[PDB]
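In the deposited numbering, the protein residues as written are 1 to 39.
One structure below.
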């Protein structure tokens, strides 16, 4: 499992989407009480 930073919102490099190892761009952030999903 690679050592990845935490995602922000449509990223430059590979990062954790909530707790999911996800490629740059595809980490999506839904509103309210919904957790960040890897697309």
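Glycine included, C-beta positions come from ideal geometry on N, C-alpha and C.
- For residue 10 and residue 26, the gap between their C-alpha atoms comes out near 6 Å.
- In terms of CA proximity to residue 34, 17 leads the group 3, 17, 22 and 24.
- Take residue 20, set aside five residues on each side of it, and the residues of its chain with a beta-carbon closer than 6 Å to its own are 38, in chain order.
- Residue 15 places its beta carbon 8 Å or farther from that of residue 30.
- Spatial neighbours of residue 2 in its own chain (CB-CB distance under 6 Å, excluding positions within 5 residues in sequence) are not present.
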